[PDB]
Amino acid sequence: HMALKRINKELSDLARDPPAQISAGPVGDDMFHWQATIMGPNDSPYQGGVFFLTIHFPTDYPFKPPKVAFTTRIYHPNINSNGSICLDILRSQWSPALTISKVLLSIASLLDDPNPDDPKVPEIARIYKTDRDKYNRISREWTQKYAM
Amino acid sequence: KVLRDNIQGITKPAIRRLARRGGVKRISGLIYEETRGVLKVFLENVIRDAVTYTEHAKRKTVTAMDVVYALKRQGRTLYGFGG
Amino acid sequence: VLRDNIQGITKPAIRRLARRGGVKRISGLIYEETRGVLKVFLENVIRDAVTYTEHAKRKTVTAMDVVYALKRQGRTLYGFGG
Amino acid sequence: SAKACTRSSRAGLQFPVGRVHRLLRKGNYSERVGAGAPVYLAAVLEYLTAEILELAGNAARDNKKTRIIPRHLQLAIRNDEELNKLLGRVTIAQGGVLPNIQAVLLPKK
Amino acid sequence: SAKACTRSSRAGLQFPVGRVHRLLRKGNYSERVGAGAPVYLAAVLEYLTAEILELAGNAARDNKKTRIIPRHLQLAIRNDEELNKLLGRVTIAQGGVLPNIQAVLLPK
Amino acid sequence: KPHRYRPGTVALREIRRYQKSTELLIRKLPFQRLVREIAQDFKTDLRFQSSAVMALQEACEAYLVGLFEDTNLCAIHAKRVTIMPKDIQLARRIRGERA
Amino acid sequence: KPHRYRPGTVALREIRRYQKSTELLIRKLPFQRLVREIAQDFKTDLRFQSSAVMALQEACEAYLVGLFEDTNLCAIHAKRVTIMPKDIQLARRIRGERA
Amino acid sequence: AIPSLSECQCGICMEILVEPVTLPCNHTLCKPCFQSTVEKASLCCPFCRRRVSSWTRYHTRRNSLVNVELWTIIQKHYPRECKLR
Amino acid sequence: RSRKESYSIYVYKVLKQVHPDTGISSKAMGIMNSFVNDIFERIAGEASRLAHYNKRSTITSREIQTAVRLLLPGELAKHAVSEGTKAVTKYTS
Amino acid sequence: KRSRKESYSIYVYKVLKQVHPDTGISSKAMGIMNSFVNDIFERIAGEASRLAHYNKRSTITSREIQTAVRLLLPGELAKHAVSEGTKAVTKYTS
DNA sequence: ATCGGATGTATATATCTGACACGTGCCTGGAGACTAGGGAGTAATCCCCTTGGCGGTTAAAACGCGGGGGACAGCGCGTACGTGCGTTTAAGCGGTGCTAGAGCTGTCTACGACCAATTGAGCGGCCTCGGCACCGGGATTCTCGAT
DNA sequence: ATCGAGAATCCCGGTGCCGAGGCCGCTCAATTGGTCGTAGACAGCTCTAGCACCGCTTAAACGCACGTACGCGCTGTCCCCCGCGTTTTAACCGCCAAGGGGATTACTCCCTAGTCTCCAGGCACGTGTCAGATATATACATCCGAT
Ligand SMILES: [Zn+2]
Ligand SMILES: [Zn+2]
């Protein structure tokens with residue numbers, strides 16, 4: 001199908017050229033389902049961690065956005081523990097030109113710098129504004145006891 | 001049960017009578033088709049709004065009130081059928 | 001008190017309005033007719049403007065009164081409020 | 001007034017003040033309607049009705065009839081200048097038109 | 001849609017759903033107002049605004065300008081058929097008129 | 001030898017006749033069929049109250065009478081007594097019906 | 001020897017010039033005085049905002065320009081190029097302004 | 001003259017261009033891609049999100065969506081892909 | 001069944017007040033009912049707009065009077081205002 | 001300070017920065033656009049109110065707004081306005 | 001300027017039919033009494049902007065003149081429209097039959113108003129730098145008298 | 001059919017200024033959470049009137065022919081708008097100065113909504129009779145060809 005053809009090309013581009021600090025693949029037998037994994041960049045308080053995520057492609061694609069969820073938990077204003085993230089790509093600014101590699105790179109960039117303008121979790125952002133040191137130490141300890 | 005080319009039922013004598021009531025004395029031969037077109041446009045414009053009004057109320061019959069409301073919306077009030 | 005100020009709407013001003021209207025040649029009796037019809041229109045609008053002002057216990061005819069008076073007669077004006 | 005008779009009789013009218021008050025209150029016009037608005041509105045409505053009925057009765061008597069049909073209302077409305085100005089865009093069912101013929105159309109002497 | 005975000009962004013609009021809801025509630029229109037009416041009205045208003053602004057910007061680009069003035073709005077409204085029919089009795093301040101001359105008046 | 005009227009007197013007689021009466025001037029059944037045809041053009045399987053068709057007929061006939069009055073004035077303005085389609089078009093333009 | 005334009009070309013030039021601009025065409029002070037005169041006819045000892053007088057001027061100018069468009073069409077209908085008072089009268093009568 | 005196949009490639013569907021349409025922002029894409037986006041998405045540019053609300057109405061009213069000057073080149077110069085696509 | 005209110009009895013009372021001899025048909029009664037309803041809607045809507053412009057929340061008698069002045073032509077407006085003022089003055093005492 | 005007066009200037013500018021990301025707008029043009037928004041709002045709301053009162057209802061729902069849009073707007077503007085509104089409501093509900 | 005036909009329209013009388021005007025039962029909507037609270041009236045204060053004036057410069061208005069092009073009246077042609085008659089068509093009226101759908105009633109559940117605590121979206125005030133207005137000189141192009 | 005001179009308009013480059021766009025502080029209006037009363041959604045039943053068919057009169061539509069008078073083009077006269085140059089009037093701009101009245105704030109009281117009870121005004125239905133429409137027979141006004 002046209003969608004299936006889109007995933008086949010994206011597979012070819014992804015396999016011939018891996019992204020930086022990104023891994024992905026098909027979780028199951030079907031070509032619709034996907035899984036991927038990310039790591040905290042060097043200039044991040046979440047360094048050393050490995051984070052898995054699940055991707056589900058709707059029937060209509062790429063016109064409709066794919067569902068993306070986080071299995072684990074991280075200390076970010078945009079993350080929620082249930083697996084939903086605050087990105088404009090997921091619901092509002094979704095575009096058929098965008099690829100899976102592009103959105104994962106965008107997730108990594110969001111991990112690099114917080115955007116507390118539209119935070120799902122209230123209390124994290126205010127701690128970030130008032131005092132950065134407590135934010136940093138809390139993030140460090142939670143990555144130590146949860147990311148590894 | 002389709003209906004075709006019923007606008008020819010607006011005959012030439014009827015248009016001459018409508019012109020006579022308006023004070024017209026002499027009529028060219030090409031007036032009738034133009035008048036038929038004008039009447040068709042007016043009827044379509046009114047019936048569209050009447051049908052919209054009757055579709056909103058989840059009904060299947062066009063009542064007199066729908067026609068009166070459509071006429072008043074277009075700017076031509078009609079007295080004697082209610083409202 | 002003011003008297004005979006309708007003659008401040010001169011001949012060239014009416015000619016310019018006609019030129020914008022798309023008129024190539026103008027007769028000589030147009031100007032008095034134009035002054036009469038303009039005076040009638042001004043009377044009609046200003047009467048409702050003053051009525052709106054008097055209802056609000058004011059003494060200055062604001063722009064909103066004029067906008068409402070124009071809108072009452074199907075002459076909606078954009079750019080001054082509303 | 002005595003504040004004991006019917007409200008229309010207290011105000012000296014024939015049109016109902018209670019129904020006008022209810023229609024003003026339940027008509028989605030304002031949040032809270034005053035106490036003297038229905039009386040004023042009913043008076044205005046009754047005055048206009050009396051005016052039109054008087055003119056139509058004059059027309060009907062001019063036509064040697066003791067009933068008022070829509071034609072006798074069309075004549076009365078169209079002949080009066082101000083009542084015609086008020087009801088300018090109104091169509092009256094079975095009303096006809098006022099008779100006039102342009103002077104150019106009449107025969108040459 | 002999921003909650004816990006601004007009420008307009010759930011619908012994807014830029015116009016305010018809450019202000020439209022308040023205006024409909026306090027405007028003496030009806031006794032009660034539904035929950036899905038302000039969203040519909042905001043969407044319609046935003047669509048019309050974008051429709052006018054696009055044509056106005058096209059006219060401004062045609063006139064070598066990078067700023068929309070009332071003349072460009074008048075041009076955009078008058079040239080389009082549907083927008084001209086919708087804004088038929090409306091007068092635009094400082095908008096002028098469309099340039100046309102009857103073919104009889106041109107020199108022969 | 002047979003008696004006939006010069007062209008114009010019978011027309012004036014009919015003008016005086018039809019401005020004094022109030023009945024409808026279009027036959028009822030053809031108008032009803034036309035209304036039903038346009039309605040099925042918009043939405044199929046519609047039923048029509050008789051009062052709806054009567055109101056539509058009254059509105060249409062009043063509109064056409066007014067239009068023909070305006071057309072007569074337009075024809076007279078150009079030093080004529082015959083109405084021609086350009087008069088109808090000018091009257092409709094000035095009224096704003098087509099602009 | 002002196003240069004002269006044939007009658008009718010400066011008129012078209014003025015038409016093209018005045019349909020490209022957007023400025024007001026009536027002098028501000030005489031119009032303000034006329035508005036004040038009519039108002040003091042209605043209610044005595046009145047005051048006016050500047051925006052009020054400006055709005056009145058814009059409305060009046062737009063109305064007159066539209067009226068002159070209709071008058072031009074009426075004049076052309078009668079096989080002329082001049083506009084005359086009867087053209088204005090016919091346009092206003094058809095528009096329903098004078099009845 | 002003839003552009004290469006790399007730039008003759010639709011990014012929306014990762015396939016050869018068929019009936020290409022070029023938005024006012026100069027982003028070329030397949031006519032089926034455009035129709036699907038208009039029907040389902042928010043009536044904007046899939047690439048840079050430059051909405052064309054009235055452009056689509058204006059051209060669909062007159063049936064001028066296709067960028068014919070490029071469609072002819074694609075069809076004539078590369079007949080192989082068009083027949084199988 | 002259903003009860004349908006109308007201004008028929010009051011219009012007949014006014015007719016018998018003006019012309020004690022003339023009657024009225026049914027079509028004329030329908031026309032008069034339509035006219036009364038139409039004028040009611042006009043005046044009430046104008047009064048509502050006047051009250052909303054001034055940031056009031058009541059439709060008092062002066063709102064109705066100003067609406068009457070705005071809608072009705074000259075002598076009609078003067079006579080209607082006089083009649084309404086007389087009725088309100090008689091009602092309050 | 002002067003009392004606050006609300007307007008649609010911010011949202012109109014936000015919309016303008018989508019169709020033409022390099023075009024500004026004057027102040028008088030913004031006044032005209034704000035007047036246009038207010039006028040269309042009043043038209044649609046009034047038609048919806050009359051529509052609801054005709055059917056002996058008491059609530060203005062999205063259906064009344066849809067029918068009012070169909071009544072007021074011209075032939076081809078309505079077919080797009082209804083689509084935009086329906087899409088917005090569907091996206092907002094779920 | 002008439003006169004007689006000849007046609008059409010208005011006037012006087014019988015009759016008979018169905019719609020108007022009135023009467024009866026009753027039930028729902030309006031009237032009467034009382035309570036609570038917030039909307040609007042009234043007074044006091046601030047300061048914005050509306051009015052009034054003076055001086056100058058200069059763009060626009062008023063006036064006069066010469067002339068050509070458009071408005072207007074008179075003639076002549078012929079073709080399209082009015083009027084009258086015989087014929088063909090479907091409208092109008094009545095009567096009967098059927099059922100689709102408008103209208104009303106009873107249950108009940110979900111949606112929308114109301115209230116209180118809270119905080120961030122959006123408005124008022126400031127500031128600056130680029131887009132647009134203006135000036136001055138040159139290039140391009142319609143216009144008209146003369147071939 | 002054209003060539004050329006006078007004149008109006010469009011382009012291009014440089015200078016300046018003010019208002020459009022972005023930022024900061026703040027206060028009030030929209031959001032969230034919880035509760036409750038009722039609007040309307042749905043199912044069932046009645047019975048009203050909208051649709052369809054058939055047969056018979058006769059009224060209105062249709063087609064044809066004859067003739068006339070009105071539309072339309074052409075010519076000619078003349079006078080009244082137009083384009084241009086000169087003088088005169090007052091609009092426009094900038095500045096200063098005063099105070100009228102618009103806009104906001106605080107206090108209070110009285111006018112309107114809400115609730116309960118009750119009863120009579122107006123609505124539906126039934127009945128009689130007379131105002132008006134129709135048929136019929138004269139009287140008079142009006143049109144038209146011919147003196
Ligand atoms: Zn593609
Ligand atoms: Zn793009």
# chains A, B, ... in the order shown; residues from 1 in each chain; ligands from 1

call {"tool": "interface_residues", "arguments": {"of": "chain J", "to": "chain E", "cutoff": "6 Å", "atoms": "only C-alpha atoms", "output": "PyMOL selection string"}}
result
chain J and resi 11+19+23-26+29+49+58-62+81+85+88+91-94

call {"tool": "residues_around", "arguments": {"residues": "residue 8 (chain I)", "least_positions_apart": "4", "cutoff": "12 Å", "atoms": "only C-alpha atoms (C1' of nucleotides)", "output": "list in words"}}
result
residues 14, 15, 16 and 49 of chain D; 4, 12, 13, 14, 15, 24, 25, 26, 27, 28, 29, 30, 31, 32, 33, 34, 35, 36 and 37 of chain I; 122 and 123 of chain L

call {"tool": "closest_residue", "arguments": {"among": "E:108, E:97, E:103, E:6", "to": "chain G", "atoms": "only C-alpha atoms"}}
result
E:97

call {"tool": "select_by_dssp", "arguments": {"residues": "chain E", "states": "alpha helix (DSSP H)", "output": "PyMOL selection string"}}
result
chain E and resi 7-11+17-26+37-62+70-79+81-86

call {"tool": "residues_near_ligand", "arguments": {"ligand": "ligand 1", "cutoff": "12 Å", "atoms": "only C-alpha atoms (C1' of nucleotides) and all ligand atoms", "output": "number ranges by chain"}}
result
A: 2-3, 5-6, 62-63, 96-97; H: 8-22, 27-37, 46, 85

call {"tool": "interface_residues", "arguments": {"of": "chain F", "to": "chain K", "cutoff": "9 Å", "atoms": "only C-alpha atoms (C1' of nucleotides)", "output": "PyMOL selection string"}}
result
chain F and resi 3-8+10-11+27-29

call {"tool": "atom_distance", "arguments": {"atom1": "CA of residue 27 (chain B)", "atom2": "CA of residue 95 (chain F)"}}
result
21.5 Å

call {"tool": "residues_near_ligand", "arguments": {"ligand": "ligand 2", "cutoff": "8 Å", "atoms": "only C-alpha atoms (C1' of nucleotides) and all ligand atoms", "output": "ChimeraX atom specification"}}
result
/H:23-27,45-50

call {"tool": "residues_around", "arguments": {"residues": "residue 103 (chain K)", "least_positions_apart": "4", "cutoff": "12 Å", "atoms": "only C-alpha atoms (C1' of nucleotides)", "output": "PyMOL selection string"}}
result
(chain B and resi 59) or (chain I and resi 1-2) or (chain L and resi 45-48)

call {"tool": "closest_atom_pairs", "arguments": {"of": "chain J", "to": "chain H", "cutoff": "12 Å", "atoms": "only C-alpha atoms", "output": "CSV"}}
result
residue,atom,partner,partner_atom,distance
J:15,CA,H:51,CA,10.1
J:16,CA,H:51,CA,10.5
J:17,CA,H:50,CA,9.5
J:18,CA,H:50,CA,6.2
J:19,CA,H:51,CA,5.7
J:20,CA,H:50,CA,7.8
J:21,CA,H:50,CA,8.4
J:22,CA,H:50,CA,11.6
J:76,CA,H:57,CA,8.6
J:77,CA,H:57,CA,9.3
J:79,CA,H:57,CA,10.7
J:80,CA,H:57,CA,9.2
J:81,CA,H:53,CA,10.8
J:83,CA,H:39,CA,9.8
J:84,CA,H:42,CA,8.6
J:85,CA,H:42,CA,11.7
J:87,CA,H:42,CA,8.8
J:88,CA,H:42,CA,9.8
J:91,CA,H:42,CA,11.1

call {"tool": "interface_residues", "arguments": {"of": "chain D", "to": "chain I", "cutoff": "7 Å", "atoms": "only C-alpha atoms", "output": "JSON, numbers by chain"}}
result
{"D": [1, 10, 11, 12, 14, 15, 29, 30, 31, 32, 33, 34, 36, 37, 39, 40, 41, 43, 44, 45, 47, 50, 53, 54, 57, 66, 67, 68, 69, 70, 82, 86]}

call {"tool": "write_last_selection", "arguments": {"atoms": "N, CA and C atoms", "output": "short mmCIF file (atom, residue, chain, number, x, y, z; two decimals), in the first residue's frame"}}
result
data_model
loop_
_atom_site.label_atom_id
_atom_site.label_comp_id
_atom_site.auth_asym_id
_atom_site.auth_seq_id
_atom_site.Cartn_x
_atom_site.Cartn_y
_atom_site.Cartn_z
N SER D 1 -53.22 55.65 39.68
CA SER D 1 -54.56 55.11 39.45
C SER D 1 -54.97 54.30 40.68
N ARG D 10 -56.44 50.11 33.77
CA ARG D 10 -55.74 51.06 34.63
C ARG D 10 -54.95 52.06 33.81
N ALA D 11 -54.27 51.59 32.76
CA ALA D 11 -53.56 52.48 31.85
C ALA D 11 -54.46 53.12 30.81
N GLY D 12 -55.68 52.62 30.63
CA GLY D 12 -56.61 53.19 29.68
C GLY D 12 -56.37 52.75 28.25
N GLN D 14 -56.72 49.24 25.20
CA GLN D 14 -57.39 48.01 24.79
C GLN D 14 -56.43 46.85 24.58
N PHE D 15 -55.20 47.12 24.17
CA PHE D 15 -54.22 46.07 24.00
C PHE D 15 -53.75 45.55 25.36
N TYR D 29 -34.58 39.82 24.84
CA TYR D 29 -34.26 41.19 24.48
C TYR D 29 -33.28 41.83 25.45
N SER D 30 -33.58 41.79 26.74
CA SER D 30 -32.70 42.34 27.76
C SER D 30 -32.75 41.44 28.99
N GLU D 31 -31.88 41.73 29.95
CA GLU D 31 -31.82 40.90 31.15
C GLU D 31 -33.03 41.14 32.05
N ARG D 32 -33.40 42.40 32.26
CA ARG D 32 -34.50 42.74 33.16
C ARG D 32 -35.27 43.92 32.59
N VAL D 33 -36.54 43.71 32.29
CA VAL D 33 -37.39 44.72 31.67
C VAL D 33 -38.00 45.60 32.75
N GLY D 34 -38.07 46.90 32.49
CA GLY D 34 -38.65 47.82 33.44
C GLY D 34 -40.15 47.64 33.57
N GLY D 36 -42.54 50.20 33.19
CA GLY D 36 -43.35 51.07 32.36
C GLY D 36 -43.20 50.83 30.87
N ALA D 37 -42.28 49.95 30.48
CA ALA D 37 -42.10 49.64 29.06
C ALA D 37 -43.33 49.00 28.43
N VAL D 39 -46.52 49.31 29.04
CA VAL D 39 -47.59 50.28 28.85
C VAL D 39 -47.31 51.15 27.63
N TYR D 40 -46.08 51.65 27.53
CA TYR D 40 -45.71 52.54 26.43
C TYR D 40 -45.80 51.80 25.10
N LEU D 41 -45.28 50.57 25.07
CA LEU D 41 -45.29 49.79 23.83
C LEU D 41 -46.71 49.44 23.40
N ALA D 43 -49.40 51.15 24.10
CA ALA D 43 -50.02 52.38 23.61
C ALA D 43 -49.61 52.67 22.18
N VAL D 44 -48.32 52.51 21.86
CA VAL D 44 -47.85 52.77 20.50
C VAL D 44 -48.51 51.81 19.51
N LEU D 45 -48.55 50.52 19.87
CA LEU D 45 -49.14 49.53 18.98
C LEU D 45 -50.62 49.82 18.74
N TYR D 47 -52.15 52.73 18.96
CA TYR D 47 -52.29 53.92 18.14
C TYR D 47 -52.11 53.60 16.66
N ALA D 50 -55.12 51.68 15.34
CA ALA D 50 -56.28 52.54 15.16
C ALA D 50 -56.14 53.39 13.90
N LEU D 53 -56.68 51.12 10.80
CA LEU D 53 -58.07 50.68 10.71
C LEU D 53 -58.99 51.82 10.30
N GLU D 54 -58.73 53.03 10.79
CA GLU D 54 -59.55 54.17 10.40
C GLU D 54 -59.43 54.45 8.91
N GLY D 57 -61.20 51.70 6.95
CA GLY D 57 -62.64 51.85 7.01
C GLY D 57 -63.14 52.96 6.10
N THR D 66 -69.34 47.07 3.92
CA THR D 66 -69.31 47.09 5.38
C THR D 66 -68.32 46.09 5.95
N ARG D 67 -67.33 45.68 5.16
CA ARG D 67 -66.25 44.83 5.64
C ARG D 67 -64.94 45.32 5.05
N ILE D 68 -63.85 44.98 5.73
CA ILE D 68 -62.51 45.39 5.32
C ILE D 68 -61.78 44.16 4.79
N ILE D 69 -61.39 44.21 3.53
CA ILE D 69 -60.65 43.12 2.89
C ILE D 69 -59.23 43.62 2.66
N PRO D 70 -58.28 42.76 2.26
CA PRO D 70 -56.89 43.24 2.09
C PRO D 70 -56.74 44.39 1.12
N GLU D 82 -46.89 58.76 5.02
CA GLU D 82 -46.09 58.29 6.14
C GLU D 82 -46.30 56.81 6.43
N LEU D 86 -43.38 53.97 6.31
CA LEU D 86 -43.13 52.99 7.36
C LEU D 86 -43.17 51.57 6.81
#

call {"tool": "closest_atom_pairs", "arguments": {"of": "chain C", "to": "chain L", "cutoff": "12 Å", "atoms": "only C-alpha atoms (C1' of nucleotides)", "output": "Markdown table"}}
result
| residue | atom | partner | partner_atom | distance |
| --- | --- | --- | --- | --- |
| C:8 | CA | L:90 | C1' | 11.3 |
| C:24 | CA | L:82 | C1' | 10.9 |
| C:25 | CA | L:81 | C1' | 7.8 |
| C:26 | CA | L:81 | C1' | 7.6 |
| C:27 | CA | L:81 | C1' | 7.1 |
| C:28 | CA | L:81 | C1' | 7.9 |
| C:29 | CA | L:81 | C1' | 11.6 |
| C:56 | CA | L:102 | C1' | 11.7 |
| C:57 | CA | L:102 | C1' | 10.9 |
| C:58 | CA | L:102 | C1' | 8.3 |
| C:59 | CA | L:101 | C1' | 7.9 |
| C:60 | CA | L:101 | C1' | 8.7 |
| C:61 | CA | L:102 | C1' | 11.7 |
| C:62 | CA | L:102 | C1' | 10.8 |

call {"tool": "write_last_selection", "arguments": {"atoms": "N, CA and C atoms", "output": "PDB file, in the first residue's frame"}}
result
ATOM      1  N   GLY C   8     -20.431  75.865   0.022  1.00  0.00           N
ATOM      2  CA  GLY C   8     -19.057  75.428   0.165  1.00  0.00           C
ATOM      3  C   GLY C   8     -18.751  74.133  -0.551  1.00  0.00           C
ATOM      4  N   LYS C  24     -17.632  61.371 -17.899  1.00  0.00           N
ATOM      5  CA  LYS C  24     -16.784  62.045 -18.873  1.00  0.00           C
ATOM      6  C   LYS C  24     -17.236  63.465 -19.181  1.00  0.00           C
ATOM      7  N   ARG C  25     -18.542  63.713 -19.234  1.00  0.00           N
ATOM      8  CA  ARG C  25     -19.064  65.021 -19.601  1.00  0.00           C
ATOM      9  C   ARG C  25     -20.260  65.330 -18.713  1.00  0.00           C
ATOM     10  N   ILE C  26     -20.267  66.524 -18.128  1.00  0.00           N
ATOM     11  CA  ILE C  26     -21.254  66.920 -17.130  1.00  0.00           C
ATOM     12  C   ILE C  26     -22.000  68.145 -17.635  1.00  0.00           C
ATOM     13  N   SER C  27     -23.318  68.155 -17.448  1.00  0.00           N
ATOM     14  CA  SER C  27     -24.136  69.291 -17.847  1.00  0.00           C
ATOM     15  C   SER C  27     -23.961  70.418 -16.830  1.00  0.00           C
ATOM     16  N   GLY C  28     -24.782  71.460 -16.937  1.00  0.00           N
ATOM     17  CA  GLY C  28     -24.618  72.625 -16.089  1.00  0.00           C
ATOM     18  C   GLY C  28     -25.560  72.687 -14.906  1.00  0.00           C
ATOM     19  N   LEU C  29     -26.642  71.917 -14.955  1.00  0.00           N
ATOM     20  CA  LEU C  29     -27.636  71.904 -13.892  1.00  0.00           C
ATOM     21  C   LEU C  29     -27.400  70.795 -12.875  1.00  0.00           C
ATOM     22  N   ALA C  56     -28.207  59.373  25.377  1.00  0.00           N
ATOM     23  CA  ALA C  56     -27.136  59.070  26.316  1.00  0.00           C
ATOM     24  C   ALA C  56     -26.794  60.239  27.229  1.00  0.00           C
ATOM     25  N   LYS C  57     -27.597  61.303  27.215  1.00  0.00           N
ATOM     26  CA  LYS C  57     -27.404  62.467  28.081  1.00  0.00           C
ATOM     27  C   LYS C  57     -26.053  63.138  27.850  1.00  0.00           C
ATOM     28  N   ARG C  58     -25.587  63.149  26.606  1.00  0.00           N
ATOM     29  CA  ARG C  58     -24.309  63.744  26.256  1.00  0.00           C
ATOM     30  C   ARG C  58     -24.522  65.078  25.549  1.00  0.00           C
ATOM     31  N   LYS C  59     -23.411  65.734  25.211  1.00  0.00           N
ATOM     32  CA  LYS C  59     -23.451  66.976  24.454  1.00  0.00           C
ATOM     33  C   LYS C  59     -22.435  67.029  23.324  1.00  0.00           C
ATOM     34  N   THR C  60     -21.698  65.952  23.067  1.00  0.00           N
ATOM     35  CA  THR C  60     -20.816  65.844  21.914  1.00  0.00           C
ATOM     36  C   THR C  60     -21.260  64.654  21.081  1.00  0.00           C
ATOM     37  N   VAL C  61     -21.351  64.849  19.767  1.00  0.00           N
ATOM     38  CA  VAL C  61     -21.757  63.784  18.854  1.00  0.00           C
ATOM     39  C   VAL C  61     -20.518  62.940  18.571  1.00  0.00           C
ATOM     40  N   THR C  62     -20.394  61.809  19.260  1.00  0.00           N
ATOM     41  CA  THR C  62     -19.216  60.971  19.122  1.00  0.00           C
ATOM     42  C   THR C  62     -19.238  60.227  17.789  1.00  0.00           C
TER      43      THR C  62
END

call {"tool": "closest_residue", "arguments": {"among": "G:94, G:88, G:74, G:55", "to": "residue 78 (chain C)", "atoms": "only C-alpha atoms"}}
result
G:55

call {"tool": "residues_around", "arguments": {"residues": "region 132-138 of chain A", "least_positions_apart": "6", "cutoff": "10 Å", "atoms": "only C-alpha atoms (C1' of nucleotides)", "output": "PyMOL selection string"}}
result
chain A and resi 44-46+75-76+124-126+144

call {"tool": "closest_atom_pairs", "arguments": {"of": "chain L", "to": "chain E", "cutoff": "12 Å", "atoms": "only C-alpha atoms (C1' of nucleotides)", "output": "Markdown table"}}
result
| residue | atom | partner | partner_atom | distance |
| --- | --- | --- | --- | --- |
| L:20 | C1' | E:67 | CA | 9.9 |
| L:29 | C1' | E:19 | CA | 9.5 |
| L:30 | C1' | E:18 | CA | 6.7 |
| L:31 | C1' | E:7 | CA | 9.0 |
| L:32 | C1' | E:4 | CA | 9.9 |
| L:39 | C1' | E:32 | CA | 10.1 |

call {"tool": "write_last_selection", "arguments": {"atoms": "C-alpha atoms (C1' of nucleotides)", "output": "PDB file, in the first residue's frame"}}
result
ATOM      1  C1'  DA L  20       4.796  49.718  13.543  1.00  0.00           C
ATOM      2  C1'  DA L  29     -10.920  37.139  33.512  1.00  0.00           C
ATOM      3  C1'  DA L  30     -10.768  32.453  31.977  1.00  0.00           C
ATOM      4  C1'  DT L  31      -9.753  27.643  33.930  1.00  0.00           C
ATOM      5  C1'  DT L  32     -10.641  23.775  37.005  1.00  0.00           C
ATOM      6  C1'  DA L  39     -33.973  20.519  28.605  1.00  0.00           C
TER       7       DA L  39
END

call {"tool": "closest_atom_pairs", "arguments": {"of": "chain G", "to": "chain D", "cutoff": "12 Å", "atoms": "only C-alpha atoms", "output": "JSON lines"}}
result
{"residue": "G:96", "atom": "CA", "partner": "D:88", "partner_atom": "CA", "distance": 9.2}
{"residue": "G:97", "atom": "CA", "partner": "D:85", "partner_atom": "CA", "distance": 10.5}
{"residue": "G:98", "atom": "CA", "partner": "D:85", "partner_atom": "CA", "distance": 10.4}
{"residue": "G:99", "atom": "CA", "partner": "D:85", "partner_atom": "CA", "distance": 9.3}

call {"tool": "residues_around", "arguments": {"residues": "region 93-99 of chain D", "least_positions_apart": "6", "cutoff": "8 Å", "atoms": "only C-alpha atoms (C1' of nucleotides)", "output": "list in words"}}
result
residues 21, 78, 79 and 80 of chain B; 70, 71, 72, 73, 74, 75 and 78 of chain D; 16, 19, 20, 21, 22, 23 and 58 of chain F
